[PDB]
Structures are given as C-alpha cells and as structure tokens.
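Understanding the architecture of this molecule
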Amino acid sequence: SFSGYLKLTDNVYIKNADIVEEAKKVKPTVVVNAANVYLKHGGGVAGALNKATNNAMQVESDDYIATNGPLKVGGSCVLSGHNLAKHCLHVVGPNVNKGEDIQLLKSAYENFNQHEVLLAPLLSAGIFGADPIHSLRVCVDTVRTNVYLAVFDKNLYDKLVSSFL
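Residues numbered from 1 in each chain as written, not as in the entry; some residues may be left out. Heavy atoms only, no water.

Looking at the entry header, you'll see X-ray crystallography listed as the method and 1.1110 Å as the resolution.

Turning our attention to the packing of helix α1 (residues 19-26) against helix α2 (residues 44-52). Closest axis-to-axis distance for the α1/α2 pair is 9 Å, and the angle between their directions is 40 degrees. Of the possible angle classes, the one that applies to α1 and α2 is oblique. In the packing of α1 onto α2, the handedness of the crossing is right-handed. Within the contact between the two elements, α1 uses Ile 19, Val 20 and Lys 24 and α2 uses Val 45, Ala 48, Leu 49 and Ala 52. (Axes fitted to C-alpha atoms, helices over the stretch in contact; angles between N-to-C directions. Helix = DSSP H or I, 4+ residues; strand = E, 2+ residues; numbered from the N terminus. Parallel < 35°, antiparallel > 145°, perpendicular 65-115°, else oblique. Left-handed = near helix turned anticlockwise from the far one by under 90°. Contact = heavy atoms within 4.5 Å.)

In this section: α2. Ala 46, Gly 47, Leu 49, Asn 50 and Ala 52 are the residues of α2 that are buried. On its buried face, α2 sits against α1, β3 (30-34) and α3 (56-68). Immediately beyond the C-terminal end of α2, within one or two residues, lies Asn 54, with a positive phi of roughly 60 degrees. (Buried < 20%, exposed > 50% of the residue type's maximum accessible area, 1.4 Å probe, protein only.)

Right, let's talk about the pattern of salt bridges for a bit. What the rule picks out here adds up to 4 salt bridges. A salt bridge links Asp 141 to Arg 137, with the shortest nitrogen-to-oxygen separation between them at 3.3 Å. One end of the pair is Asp 141 and the other is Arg 137, both in helix α5 (residues 132-142) and 4 residues apart, which spans about a single turn. On the basis of relative accessible area, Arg 137 is assigned to the partly exposed category, the value being 30%. (Salt bridge = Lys/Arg side-chain N within 4 Å of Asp/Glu carboxyl O.)

Attention now goes to the environment of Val 96. As for its position among the elements, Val 96 is in the loop between β5 (87-91) and α4 (104-110). Assessed through its relative accessible area of 35%, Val 96 is described here as partly exposed. For the pair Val 96 and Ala 125, spaced 29 residues apart in sequence, the C-alpha separation works out to 9.4 Å. Among residues more than four places away in sequence, those in contact with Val 96 are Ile 102, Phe 128, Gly 129 and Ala 130.

We now examine α5. For an α-helix, 3.6 residues make a turn, and residues three or four places apart therefore share a direction. Three or more residues of α5 are buried, namely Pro 132, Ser 135, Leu 136, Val 138, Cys 139, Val 140 and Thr 142. Check the buried side of α5 and you find it contacts β2 (12-16), α4, β7 (146-151) and α6 (154-162). Here α5 starts with a cap whose side-chain oxygen sits 3.0 Å from the backbone nitrogen of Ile 133, and that cap is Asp 131. (Polar contact = N/O pair within 3.5 Å; in protein donor to acceptor, adjacent residues only side chain to side chain.)

As structure tokens, this is what we get:
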C-alpha cells in the first residue's frame, strides 16, 4: 500500500514524491490528474501522467471529449488509469493563470469524495497558479475520503508541512 507519507489529518496524508513514480509503485485504485476542461494533457502533472501512459491517456481523453464535450471547471470524469492506476479521476481545478474563480477549488476537491482512497496532486497548484498552501487547506477542509497527496517539489513539501495548521 502507500508508504512514507506524513499524516496531516484523520484522512489526509502527504509525501514529497513524483506522482508518476508513486502511481507506478503503488498502482492505486485511483490516481487524480490535474486536468483542464479539454483534457489536453500538455504540461504539469497532466503532461507527466500522460507521457507515462505513452500518450494512451490523451488518445482516450480525445475520444471522451469528442463524445461528451469539455468538462466544467470544478468538475471531473473517471477514465482508465492505464499503466498507472485502475482509474484516473481527471479533476479540473480553477486555473488562476486563465483568470478562473479560486472559489471553484472546493468544488474540484468535492469530486474526491466519490472515491474511498486516492493518490492525488494538490489541485490548482503548479502551473495552475494557485497558492499550494491554500490548496492543501481546501483539501483537508473538503475531502473526507483517504487522500494521499504527492508533492513533487521538496522545498514546497517542506513549506506545506512546516506551515500546516
């Protein structure tokens, strides 16, 4: 199962880890992708997860968008986890760099409550432009299911743990 995580709350755990490497090691039931509404997995966590699937995630995602149209900011869809997990929960956090409402971050995290346990990144962090300390706070105040957070950046991980209220 999950190893090396620091327990933050009853249900939230955190580790300084590459979520692709973590998914390949654990092969969890659900890995969360930091998706955009178009499921265009170009960069950040989405680009890394997609590259690990040899682009199979993108091919599957393009078929999903052709059939269903784009997701909503704050929304999600369940697709295959390919070689990384049983399923991938593609969750769209607001992209502050695209001028999207930060209030949608709580709605984005609510998608995690439909899954008993998940391996996930901090939503709207990184190239999505939100403050990762705020994202962690929304995560622990919104998610009630067991979430194992992988934070790629060591310096950010230390700052998140050291400032956790």
